[PDB]
Amino acid sequence: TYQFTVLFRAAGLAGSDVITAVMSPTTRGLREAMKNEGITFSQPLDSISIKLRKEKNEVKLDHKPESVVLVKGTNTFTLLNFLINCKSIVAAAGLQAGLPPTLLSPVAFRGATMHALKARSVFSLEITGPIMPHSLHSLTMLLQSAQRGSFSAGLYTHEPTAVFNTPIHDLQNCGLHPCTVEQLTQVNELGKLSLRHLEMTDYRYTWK
Amino acid sequence: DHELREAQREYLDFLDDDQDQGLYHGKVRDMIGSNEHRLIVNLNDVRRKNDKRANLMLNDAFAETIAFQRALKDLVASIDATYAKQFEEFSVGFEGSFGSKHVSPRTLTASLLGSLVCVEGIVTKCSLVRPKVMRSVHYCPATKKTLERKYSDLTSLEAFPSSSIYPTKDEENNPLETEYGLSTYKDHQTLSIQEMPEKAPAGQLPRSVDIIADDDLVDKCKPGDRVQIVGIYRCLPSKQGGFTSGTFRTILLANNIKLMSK
Amino acid sequence: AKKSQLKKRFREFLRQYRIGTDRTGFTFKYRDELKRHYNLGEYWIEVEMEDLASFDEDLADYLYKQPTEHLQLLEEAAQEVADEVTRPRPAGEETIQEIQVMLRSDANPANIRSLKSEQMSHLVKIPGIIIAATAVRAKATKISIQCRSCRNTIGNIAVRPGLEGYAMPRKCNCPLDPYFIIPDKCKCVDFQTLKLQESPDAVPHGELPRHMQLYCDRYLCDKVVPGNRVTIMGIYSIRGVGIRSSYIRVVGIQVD
Amino acid sequence: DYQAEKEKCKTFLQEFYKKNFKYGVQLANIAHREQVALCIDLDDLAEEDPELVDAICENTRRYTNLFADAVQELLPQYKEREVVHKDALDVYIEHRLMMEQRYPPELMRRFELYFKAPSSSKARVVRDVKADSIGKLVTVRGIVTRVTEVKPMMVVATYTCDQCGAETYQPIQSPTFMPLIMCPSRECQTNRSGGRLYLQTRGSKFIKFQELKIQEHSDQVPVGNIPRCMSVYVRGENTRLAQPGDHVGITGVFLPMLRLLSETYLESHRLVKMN
Ligand SMILES: [Zn+2]
Ligand SMILES: [Zn+2]
């Protein structure tokens, strides 16, 4: 969306056992709206004036990557319906006024449009566009054989999606390489941090 | 107007702070509960969420004020239709930090005309609170018809000199009777602010500025008070016979009166 | 018309005047000053009168005797030159501001008691001492009118400078005199009135000093406070049977 | 529908429980020229129908006339013992009728109708009478500081023209008026020359008038603020009922003065000398 980003994962990915969903920049009003709809989420990271003071501790990390919200189980279905019927997904004033949120996926779906990443070699090779983890893993797998296990990579990251690495704990037909499935079915080690430099020497990985 | 429509949309989006931290959604509910028709909008929030509107309001107060008032009316009608039906038009007052518009009666030049300013001074005189006419409802006994009419003057926004006040005859010269209980009236008061005596250059007389208060802004301060008025700065054209001297006087419409000493 | 020729001559004076000798170097004096003042935010210049005489004696002689129209043409020429010198202005400042021209000269000053009635509508230079001042009011320059009945609009009307008004039209082009001034569609400038008193030595024996009303506009406001000795350069003009009040439109002040 | 309102007022007037017909007896007295001031109390209306009470409280200008007309209609059916008076107006009317054989309701009217504030209504200070109570019914209290002498005020004018015999009428519903100059009678219009009619003071209608200023109690006034005043117009039997220096509580109508910004005055309806 133009304010927040969500990531739905299947059952088994990232060490989980049920379908999950992660919303990084959540606000107090949006969370309260979620509570009044049956969603059971869990953030892992004047008397009315006194109530505002209590909310001040709650409203400190809003609009910041520390307000990540994790939804699990069958609540993802109600989350989907709520997001479809929400009134703040589409901006009503500004440059992105009326534009619906963008959907990204590694496999085809109803209404999808096949796209391609731009590759250009200068030795160096440059690839631009929305890079998803399976694309990066496949690229590394190819370059390992092509470059005889010797290359270095510089990764530029989209900051508002770095908190998705927060730990949360039969995929043969998902349409992914078995090595990629094995890699993605691990436990998230990084926290609020993303890879910035990857180096491979003599078929050994030393990430920075 | 397309620009006015865009301003109205953006202001209505700003006011409906529901799925965000519920500040100005709670404020509107509080205003409705307390039976008021003026909302004090801090423009620090507007600048934080939409800087272009904040600057445009600081430099062109008239159209932006009209758009903001209409957006507030729409939001109130959304919250409660009957309350919106009670009041013809809602008012908006501003506060916060203005920047280079924080002036005094001495530094209030003629280049600030039409700009939302915030004047600091000490009151010197206040007039009496006399009523003013906005809408009059007439009735014709012969035809059993109820007539209505709207008035305006030059000392209000959307200024227009309106004549033929209190009509007495219909189209066919039928007698007309005015129903005073059905007409709408509002208060009116005139004040004067003076530059602080401690910050006035020696020898020269202190400067002054005349302000206009209306509705709930009347009887908010007395002579001898340190105040801080916020409102639009405008000229009053003067016409004598068929001639205009060209030396118009300046007035300061007010939308928020705040004391300092308290 | 001759007005266009006069304006072109004033523009040429502004663009081509130079000071210095070829032994050291030449520097354009008024174009550089115009650029510097416009960039600084001060929209005014101080044009001497001997320089204009040296460039074109006829042009100087038409300013000492018919100051109104020639000063207006000089101000328009200054605005055009200032617009062309800083042509690529930053975003938001495309519109060109109006320039005010102030005059100065080294002539011997006159006296208040020497102002005859022949020297009406002529540039004069009178010393004195300021004894009074008024609050800075507002004076309109551009006005727009609108009919009360048919709401026809006649905008961009110009009002002459000084204590002079504008007779409003009678026919609507809707009763007689249906036009009212739109409040927000008016451009105004600063406005002040002073009182100049004859110097303490020029006063004859056994007689009280005489006075004279002054008029100040735009950047000339709030420059002199009561009790200052000044030398005033201005236009003698008029504001019993046939008696008319006379004031002095000030176009230059030299505080002593 | 104002006709329905008038019928409801008549229905209330004829039948009043107490079933002592206070209104009926008083109207009979008025028809007998035994009473002039009739004070309708709003609590009885609240006993019957509070909607009419609210409606009359919102606009006490039309319903006063409605009550007056209802009383005027009910008057003829109570004149039992004819009349025992010697009114100059009645003598003038009688002689004019005798010449006629050979009329506005206000002209043929001598009863003044006033309302009483319901017990629910509460007294208000002078400062508390804002612009939102214009045309409503209010109850102010304060100290009278000045009273003027009673003077006659023209209500309806009665002109006569020499050319014709039809007397002209000119109601006066404004503080100022211009006297008629040319006679508009159809007899003069037929002559193509309007007669120079003159007003006959004998046949005109005059009412007692009094003006007084009411101030604010010093204790109620805030220490910093100065006391404020108010002008009250008193007409009819309510005249000569107050003197300067008396604490009073006045129930009346808040109205503007016309002659967009206007002054205000109070049309008194019931004056009580509280303490
Ligand atoms: Zn017209
Ligand atoms: Zn006649």
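Residues numbered from 1 in each chain as written, not as in the entry; some residues may be left out. Chains lettered and ligands numbered in written order. Part of a larger assembly, values for the part shown. Heavy atoms only, no water.

For this entry, the PDB record gives the title as "X. laevis CMG dimer bound to dimeric DONSON - without ATPase".

Colleague: Can you lay out the pattern of salt bridges for me, pointing to particular residues and giving the numbers?
Modeller: If you walk through the whole model with that rule in mind, you get 54 salt bridges over all chains. Across the pair B:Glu179 and D:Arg62 runs a salt bridge whose closest N-O atoms are separated by 2.6 Å. Placement of the pair is B:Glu179 in strand β7 (residues 177-186) and D:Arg62 in helix α5 (residues 62-74), with the two residues belonging to separate chains. On the basis of relative accessible area, B:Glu179 is assigned to the buried category, the value being 4%. Among the ionic pairs, D:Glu106 bridges to D:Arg109, the shortest N-O distance being 2.8 Å. Of the residues examined, D:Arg109 reaches a relative accessible area of 10% and is grouped as buried. (Salt bridge = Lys/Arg side-chain N within 4 Å of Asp/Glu carboxyl O. Helix = DSSP H or I, 4+ residues; strand = E, 2+ residues; numbered from the N terminus. Buried < 20%, exposed > 50% of the residue type's maximum accessible area, 1.4 Å probe, protein only.)

Colleague: I'd like a rundown of the coordination of the zinc ion (ligand 2), residues and numbers included.
Modeller: All names here are of chain D. Taken together, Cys161 (SG), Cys164 (SG), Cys183 (SG) and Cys188 (SG) make up the protein donors of the zinc ion (ligand 2), found 2.3 Å from the metal. Around the zinc ion (ligand 2) sit four donor atoms; with metal-centred angles ranging over 106 to 114°, the donor geometry is tetrahedral. Mapped onto the sequence, the residues coordinating the zinc ion (ligand 2) show the spacing C-x2-C-x18-C-x4-C. A residue pair is termed long-range when its members are at least 10 positions apart, and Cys161 in the loop between β4 (151-160) and β5 (168-171) and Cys188 in helix α7 (residues 186-190) qualify at 27 residues. (Donors = N, O, S within 2.8 Å, 3.2 Å for Na, K, Ca; no water. Tetrahedral: all angles 85-135°; square planar, octahedral: opposite > 155°, others 65-115°.)

Colleague: Describe in detail the coordination of the zinc ion (ligand 1), supporting the description with residues and values.
Modeller: Looking at the zinc ion (ligand 1), the protein donor atoms are C:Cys147 (SG), C:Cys150 (SG), C:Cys172 (SG) and C:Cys174 (SG), and they sit 2.3 Å from it. Coordination at the zinc ion (ligand 1) comes from four donor atoms whose angles at the metal span 106 to 115°, giving a geometry best classed as tetrahedral.

Colleague: Provide a residue-level description of unusual backbone geometry, including the pertinent values.
Modeller: Most peptide bonds adopt trans geometry, and most residues besides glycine take a negative phi value. Residues other than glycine seldom take positive phi values, yet B:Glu158 does so here, at roughly 55°. Take B:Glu158: it is sitting in the loop between β6 (145-150) and β7. Exposure remark for B:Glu158: the relative accessible area of 46% places this residue in the partly exposed category. Even without being a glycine, C:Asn173 presents a positive backbone phi close to 60°. Following the sequence through the fold, C:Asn173 ends up in the loop between β8 (166-167) and β9 (179-197).

Colleague: Give me empty space enclosed by the protein: which residues, what numbers.
Modeller: Residues and elements named next belong to chain B. Volume-wise, the largest cavity comes out at about 60 Å³. Along the walls of the largest cavity sit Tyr11, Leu43, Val46, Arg53, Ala54, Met57, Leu58, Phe68 and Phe94, which together make up its complete lining. Residue assignment for the lining of the largest cavity shows that the elements contributing at least two residues are α3 (43-49) and α4 (51-59). A total of four residues in the lining of the largest cavity trace back to one element, the largest contributor, which is α4. For the lining of the largest cavity, the residue count by class is eight nonpolar, no polar and one charged. Considering only enclosed or pocket space, the second largest cavity measures out at about 50 Å³ in volume. (1 Å grid on protein atoms, 1.4 Å probe; cavity = no way out; pocket = protein on both sides within 12 Å on 5 of 7 lines; lining within 4 Å. Points joined across faces, edges and corners; volume = space filled by probe spheres on them. Nonpolar A, V, L, I, M, F, W, Y, C, P; charged D, E, K, R; others polar.)

Colleague: Describe in detail the interface of chain A and chain B, supporting the description with residues and values.
Modeller: With 13 residues of chain A in contact, the opposing surface of chain B contributes seven residues. Around 770 Å² of area is buried between chain A and chain B when both sides are counted, 44% of it from carbon and sulfur atoms. In this structure, the connection of chain A to chain B is made through zero salt bridges. In this assembly, chain A and chain B are joined by five residue pairs in polar contact. For the side of chain A that touches chain B, the per-class residue count stands at six nonpolar, four polar and three charged. (Contact = heavy atoms within 4.5 Å. Buried area = accessible area lost by both parts, 1.4 Å probe. Polar contact = N/O pair within 3.5 Å; in protein donor to acceptor, adjacent residues only side chain to side chain.)

Colleague: Tell me what's going on with the interface of chain D and chain B, and back it up with residues and numbers.
Modeller: Counting residues at the interface gives 22 residues for chain D and 22 residues for chain B. Of the roughly 2000 Å² buried between chain D and chain B on both sides combined, carbon and sulfur atoms contribute 59%. Its largest share of buried area at the contact with chain B, chain D owes to D:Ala131, D:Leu260 and D:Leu261, together 32% of the area lost on that side. Across the chain D-chain B interface, the total number found is four salt bridges. B:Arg130 is the salt-bridge partner of D:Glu263, the closest N and O atoms lying 3.7 Å from each other. Inspection of the chain D/chain B interface yields eight residue pairs in polar contact. Its residues placed into classes, the side of chain D that touches chain B shows eight nonpolar, six polar and eight charged.

Colleague: Explain helix α4 (residues 50-58) of chain D to me, using residue names and the numbers behind them.
Modeller: Residue and element names in this part refer to chain D. Among the residues of α4, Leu52, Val53, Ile56 and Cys57 are the ones counted as buried. When α4 is viewed along its axis, its buried side chains cluster within an angular range of 135° and face the same direction. Where α4 is buried, its residues contact α1 (2-14), α3 (42-48), α5, β2 (112-116) and β3 (137-147). (Arc of directions from axis to C-beta.)

Colleague: Before we move on, can you summarise the arrangement of the chains with the specific residues and values?
Modeller: Nothing in chain A touches chain D; the tightest C-alpha to C-alpha distance between them is still 28 Å. The closest approach of any C-alpha atom in chain C to one in chain D is 17 Å; the two make no contact.

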